[PDB]
Every structure is written in structure tokens, then in C-alpha cells.
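Protein chains get the first letters and strands the later ones, always in sequence-line order, with residue 1 at the start of each.
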Amino acid sequence: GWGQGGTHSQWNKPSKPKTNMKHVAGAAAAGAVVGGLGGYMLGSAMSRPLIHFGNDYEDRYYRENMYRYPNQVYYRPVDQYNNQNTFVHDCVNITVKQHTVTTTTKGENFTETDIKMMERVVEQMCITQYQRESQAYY
Amino acid sequence: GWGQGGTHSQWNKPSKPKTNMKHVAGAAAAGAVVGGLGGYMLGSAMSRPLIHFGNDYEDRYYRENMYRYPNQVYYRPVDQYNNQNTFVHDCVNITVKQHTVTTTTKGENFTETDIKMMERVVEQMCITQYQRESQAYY
Amino acid sequence: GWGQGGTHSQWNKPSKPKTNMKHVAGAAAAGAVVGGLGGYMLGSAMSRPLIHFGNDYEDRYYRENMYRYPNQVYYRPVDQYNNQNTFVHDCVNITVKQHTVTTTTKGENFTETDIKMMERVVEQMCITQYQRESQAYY
Amino acid sequence: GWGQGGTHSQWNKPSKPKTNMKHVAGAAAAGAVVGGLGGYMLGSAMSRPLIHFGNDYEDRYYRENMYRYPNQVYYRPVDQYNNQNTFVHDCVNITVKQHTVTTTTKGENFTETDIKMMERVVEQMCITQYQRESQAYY
Amino acid sequence: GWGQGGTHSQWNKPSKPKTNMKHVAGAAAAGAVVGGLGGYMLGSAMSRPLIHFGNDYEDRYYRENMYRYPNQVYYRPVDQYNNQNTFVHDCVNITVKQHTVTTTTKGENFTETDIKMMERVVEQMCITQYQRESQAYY
């Protein structure tokens, strides 16, 4: 007539995490867990992987049992070329340019005029602004 | 007549996570879990994978049982070329350009005029703005 | 008639984490856990991996049992070429340029004019601004 | 009729962590734990990895049991070329340039004019500003 | 009828950590723990790794048991070339330049004018400013 107390356990219990950041790449933030027996596991081999939050009871009576390589993980990869990649390209290769190429041969008594006005061409770009009861003036 | 207390357990229990960020690539954020016995697992082999939140009871009586390689994971990949990739291209290869090519040969007594006015051409671009009771003036 | 007290345990219990940062790459921040028996594990092999928050009871009676290599991890990878990478490119290769190429051969009595006005061309770019009851004037 | 007191234990219990930083690369900050039996483990092999927050009871009676290499980790990788990398490129290769190339051969009695006005071209860039009841004037 | 008192133990218990910093690379800060039996462990092999916050009870009666290499870690890596690196590039290769190349051959009675005005071209860049009831004037 024994007794085990109930388990109220948290692998991650962050209370009121107020966080301001920009980039979360390959990481964990704002009270987040990257995988329980998992996550980013490109090549894996797990024998008898068990997750049970409930109570566990085992009453085992093993007699003369021949266990030959139980839960064996024969991890023998050959020439494994696997790609599981995350690519994020934001505002890349942005160009605001004015280019002029001049190739004049034996130009006599000639006038060359090259005017490239560039005014108020881009006022805003990639403005990741979060506003809450706020004001922004540009 | 024993007793096991009930389990109230959370792998991730974030309370009121207030977070501001821009990019979450290949990561975990805002109280999120990347996989329980899973996630981003391109090549995997799991024998008897079990998840049960409920209570577990086992009363095993094994006698003279021959278990030959139980739950065996024969992980032998050969020439595995697999691709599971996430590609995000936002506002990439954006060009605002004025280009002029001049190739004049023995130009005599000639006038060349090249005017490229560029005014108020792009006022806003890629403006990821979140507004809540706020004001923005451009 | 014994008794084990209930377990209220947290692997990470941060209370009110107020944090300001910019980049979280391959790390942990704001009270976040990178993996419980997991995370970023590209090549892994785990035999009998078990996670159970509940109480555990075991009553084992093993007699004359032949256990030959139980829970064996035969980790023998050959020529494993795997890629699980996170790429974040934000505001990369941004160019605001004015380029002029002049190639004049035996130019006699000629006038060359190259004017490239560049005014108010980019006012803002990559402005990751978080506003809460605040004001910004540009 | 014995008794074990309940365990209320935290691997990391930071209370009210108020932190200001810029970059968290391959590290831990703001009360965050990088992995419990995990984290950033590219090549791993763990036999019988067990995590249980609940109480553990074991009543083992092993008699004449032949355990040949139990929980054996045969970690023999050959030519393992694996890449699990986090790449963050923010505001890289940003160029604001004015370039002129002049190549004149036997230019006689000619006038060359090269004007490149550059005014108010970029006012702000990569401004990671967090505002709370604050004001910014540019 | 014995008794063991409950354990209320913390591997890291920082109370109200108020911290201001810039870079946390490959380190620990703001009351953060880098791994419990983990962290940044590129190549690892652990036999029977166990973490249990709950109470542990063991009543073992082993008689005539042949344990041949139990929990053996055969750590024999050959030609292991693995990369798990964190790369953070912020505001790198930023160039604000005015370059002129002059190559004149036997230029007779010619006027060369090269004007490159550069005014108010970049007002702010990489301004990682955290504001709380504050004011900034530029």
C-alpha cells in the first residue's frame, strides 16, 4: 500500500517572457524548446524510443529468455548525401545604381551630355516596423 | 492497494509570451516545440516508437522466449541523395537603375543628349508594418 | 507502505524574462531550452531512449536470462556527407552606386558632360524598429 | 514504511532577468539552457538515454543472468563529413560608392566634365531600434 | 521507517539579474546554463545517460550474474570531419568610397574635371539602440 506523489514538472516553464529581437536562426528563444527526443536530426536511428507523461508500472518476471541483440541500432550509412537546409533571403541583391558607358572613337567637334537625375527615388525599403499606439514620421 | 499521483507535466509551458522578432529560420520561438520524437528528420528509422500520455501498466511473465534481434534498426542507406529544403525569397533582386551605353564612331559635329529624370519613382517597398492604434506618415 | 513525494521540477524556470537583443544564432535565449535528448543532432543513434515525466515503478525478477548485446548502438557511418544548415541573408549585397566608364580615342575639340545627381535617393532601409507608445521622426 | 520528500528542483531558475544585449551566437543568455542530454550534438550515439522527472522505484532480483555487452556504444564513424552550421548575414556587403574610370588616348582640345552629386542618399540603414514611450529624432 | 527530506536544489538560481552587454558568443550570461549533460558536444557517445529529478530507490539482489562489458563506450572515430559552426556577420564589408581612375595618353590642351560631392550620404548605420522613456536627437 505505497504511494508516489503526482509529478507536475516542466522541461521549460517561462512566465511572462517579454522579448524583442530580430533574427532567430538555428536557435531557441522566447521560451521555446527545440525538440524532445527530436528537433533537427537529419540522420537518426532510434530503437524503442518511448515518451509517456503518465505513470509507469512494470512487474517483469523473465525466466530463461534468450535476448539476442534487443533494441539493436545497426547505424551503417554509406555515401549519405542528404540536404535539409533552411534558406531565407530578405532584401538581398538590392541595387540602386546609375551606370554610364562611353566609347567614342575619333569624335570631332561633338558635344556629349549625360544627365541622370535621381531624386526621392526610394523613400523607404525593408522597413520592418511594429507599432503599438505609436507614431512614425518620414 | 498502491497509488500513483496524476501527472500534470508540460514539455513547454510558457505563460503570456509577448515577443517581437523578424525572422525565425530553422529555429524555435514564441514558446514553440520543434518535434516530439520528430521535427526535421529527413532520414530516420525508428523501431517501436511509442508516445502515450496516459498511464502505463505492464504485467509481463516471459518464460523460455527466444527474442532474436527484436526492435532491430538495420540503418544501411547507400547513395542517399535526398533534399528537403525550405527556400524563402522576399524582395530579392530588386533593381532601380538607369543605364546608358554610348558607342559612337567618327561622329562629327553632332550633339548627344541623354536625360533620364528619376523622381518619386519608388516611395515605399517591402514595408512590413504592423499597426495597432498607431499612425504612420510618409 | 512507503511514500515518495511528488516532484515539481523544472529544467528551466525563468520568471518574467525581459530581454532585448538582435540576433540569436545557434544559441539559446529568453528562457529557451535547445533540446531534451535532442536539439540539433544531425547524425545520431540512440537505443531505448525514454522520457517519462510520470512516476516509475519496476519490479524485475530476471533468472537465467541471456542478454546478448542489449541496447547496442552499432554506430558505423561511412562517407556520411550530410548538410543541415540554416542560412539567413538579410539586407545583403545592397549597393547604391554611381559608376562611369570613359573610353575616348583621339577625341578632338569635343565636350564631355557627365552629371549624375543623387539626392534623397534612399531615406530609410532595413529599419527594424519596434515602437510602443513612442515616436520616431525622420 | 519509509518516506522520501518531494523534489522541487530547477536546473535553471532565474527570477526576473532583465537583460539588454545584441548578439547571442552559439551561447546561452537570458536564463536559457542549451540542452538537457542534448543541444548542438552533430554526431552522437547514446545507449539507453533516460530522462524521468517522476519518482523512480526499482526492485531488481537478477540471478544467473548473462549480460554480454549491455548498453554498448560501438561508436566507429569512418569518413564522416557532416555540416550543421548556422549562417546569419545581416547588412553585409553594403556599398555606397561613386566610381569613375577615365581612359583617354591622344585627346586634343577636349573638355571632360565628371560631376557626381551625392546628397542625402542614405539617411538611415540597419537601425535596430527598440522604443518604449521614447522619442527618436533624425 | 526512515525518511529523506525533500530536495529543493537549483543548479543555477540567479535572482533579478539586471545585465547590459553587447555580444555573447560561445559563453553563458544573464543566468543561463550551457547544457546539463549536454550543450555544444559535436562528437559524443554516452552509455546509459540518466537524468531524473525525482527520488531514486534501488533494491538490487544480483547473484551469479555475468556482466561482460556493461555500459561500454567503444569510442573509435576514424577520419571524422564534422562542422557545427555558428557564423554571425553583422554590418560587415560596409564601404562608403569615392574612387577615380585616370589613364590619359598624350593628352594635349585638354581640361579634366572630376567632382564627386559627398554630403549627408549616410546619417546613421547599425544603430542598435534600446530606448525606454528616453530621447535621442541626431
Side-chain angles (χ1 to χ4, degrees), chain D residues 1-22 24-39 42 46 48-67 70-71 73 75 130-135, chain E residues 1-22 24 27-39 45-46 48-67 70-71 84 86 88 129-135:
Chain D
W2 55 270
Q4 276 177 306
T7 297
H8 311 72
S9 288
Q10 292 84 33
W11 188 253
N12 190 32
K13 192 190 158 64
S15 190
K16 301 162 187 180
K18 290 177 180 180
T19 313
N20 292 280
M21 51 194 169
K22 193 181 171 185
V24 190
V33 198
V34 187
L37 284 168
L42 188 148
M46 305 155 69
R48 202 133 82 92
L50 164 57
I51 298 186
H52 61 279
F53 280 73
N55 299 270
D56 198 11
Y57 187 95
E58 289 185 10
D59 192 10
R60 286 188 169 184
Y61 179 18
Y62 285 15
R63 181 181 183 178
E64 293 166 314
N65 305 94
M66 217 290 272
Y67 277 90
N71 306 303
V73 186
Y75 191 85
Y130 304 160
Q131 293 183 354
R132 172 182 278 273
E133 314 158 35
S134 299
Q135 288 83 36
Chain E
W2 54 270
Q4 276 177 306
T7 297
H8 311 73
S9 288
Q10 292 84 33
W11 188 253
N12 189 32
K13 192 189 158 64
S15 190
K16 301 162 187 180
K18 290 177 180 180
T19 313
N20 292 280
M21 51 194 169
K22 193 181 171 185
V24 190
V33 198
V34 187
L37 284 169
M46 305 155 69
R48 202 133 82 92
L50 164 57
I51 298 186
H52 61 279
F53 280 73
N55 299 270
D56 198 11
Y57 187 95
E58 289 185 10
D59 192 11
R60 286 188 169 184
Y61 179 18
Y62 285 15
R63 181 181 184 178
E64 293 166 314
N65 305 94
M66 217 290 272
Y67 277 90
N71 306 303
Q84 190 170 30
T86 298
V88 169
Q129 201 161 64
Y130 304 160
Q131 293 183 354
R132 172 182 278 273
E133 313 159 35
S134 299
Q135 288 83 36

Residue, of D:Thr19, D:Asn71, D:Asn20, D:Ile51, that accumulates the most heavy atom pairs under 4.5 Å with chain E: D:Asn20
Which atom of E:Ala30 lies closest to which atom of D:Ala29, heavy atoms considered: CB-C, 4.4 Å
Choice from D:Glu133, D:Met66, D:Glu58 maximising heavy atom contacts with chain E below 4.5 Å: D:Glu58
Minimum-distance pair of heavy atoms, taken over all atoms of D:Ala28 and E:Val33: CB-O, 4.1 Å
Euclidean distance, E:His52 NE2 relative to D:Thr7 OG1, rounded to 0.5 Å: 9.0 Å
Minimum heavy-atom distance between E:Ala45 and D:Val73, given as atom pair plus value: CB-CG1, 3.8 Å
Pairs of heavy atoms under 4.5 Å with chain D: top-ranked of E:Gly54, E:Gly3, E:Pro70, E:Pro49: E:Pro49
E:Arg132 backbone acceptor or donor facing D:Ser134 side chain under 3.5 Å: yes
Chain D interface, residue from E:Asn65, E:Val34, E:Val88 that has the most non-hydrogen pairs under 4.5 Å: E:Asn65
Top of D:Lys16, D:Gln131, D:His8, D:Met46 for chain E proximity - count of heavy-atom pairs under 4.5 angstrom: D:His8
Main-chain N/O of D:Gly5 paired with E:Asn55 side-chain donor or acceptor, under 3.5 Å: yes
Minimum-distance pair of heavy atoms, taken over all atoms of D:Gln4 and E:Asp56: NE2-O, 3.4 Å
Partner chain D: residue of E:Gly39, E:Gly38, E:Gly1 with the largest heavy-atom pair count (under 4.5 Å): E:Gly39
Heavy-atom pair with the smallest gap, counting every atom of E:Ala27 and D:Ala27: O-CB, 3.1 Å
Closest contact, heavy atoms only, E:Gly31 versus D:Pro14: O-CG, 3.8 Å
E:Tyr62 side chain to D:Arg60 side chain, donor-acceptor N/O pair below 3.5 angstrom: yes
Validation row, ring centre E:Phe53 to ring centre D:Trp11 under 6.0 Å: no
